[PDB]
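Student: Give the three-dimensional model of this entry:
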Amino acid sequence: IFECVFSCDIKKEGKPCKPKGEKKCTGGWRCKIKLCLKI
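Tutor: Numbers count the residues shown, from 1 in each chain. Sure, structure below:
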């Protein structure tokens, strides 16, 4: 899995990462402030 943290925070995440614990967001989704936004 592509590491990061994925707390979906702009700094814990905040780029294309891997939604851990998310039901909607899939891998390759950039957390961007509000939510996960696929790249």
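
Student: Residue 27: what's it in contact with?
Tutor: Contacts for residue 27 (C-beta atoms under 8 Å, 6 or more residues apart in numbering) come out as 1, 2, 17, 18, 19. Where you see a C-beta, it was placed from the backbone N, CA and C, and this is true even at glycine.

Student: And for residue 13?
Tutor: 4, 5, 6, 7, 31 are the contacts of residue 13 under C-beta under 8 Å, 6+ apart.

Student: among those residues, which are in strands?
Tutor: residue 31 (DSSP state E).

Student: hang on, the earlier thing: reformat the contacts of residue 27 as TSV; add secondary structure, neighbour count and distance to residue 38.
Tutor: Listed next are these as TSV, based on DSSP: H, G, I helix; E, B strand; the rest coil; neighbours: other C-beta atoms under 10 Å; distance: C-beta to C-beta, whole Å:
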residue	secondary structure	neighbour count	distance to residue 38
1	coil	8	16
2	coil	10	14
17	strand	24	11
18	coil	18	12
19	coil	18	10
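
Student: mind putting these in a markdown table, distance to residue 37 included?
Tutor: Shown next, in a markdown table, are the contacts of residue 27 (distance: C-beta to C-beta, whole Å):
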| residue | distance to residue 37 |
| --- | --- |
| 1 | 19 |
| 2 | 16 |
| 17 | 11 |
| 18 | 14 |
| 19 | 11 |
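
Student: coming back round to it: top of the contacts of residue 13 by number of neighbours, please.
Tutor: Using other C-beta atoms under 10 Å as the neighbour criterion, residue 31 leads those with 25 neighbours.

Student: so the residue lying closest to that one once chain neighbours are set aside, which of the three states?
Tutor: In space, residue 31 comes closest to residue 13 once its chain neighbours are excluded; the distance is 3.7 Å by C-beta to C-beta, 6 or more residues apart in numbering. Following DSSP: H, G, I helix; E, B strand; the rest coil, the label given to residue 13 is coil.
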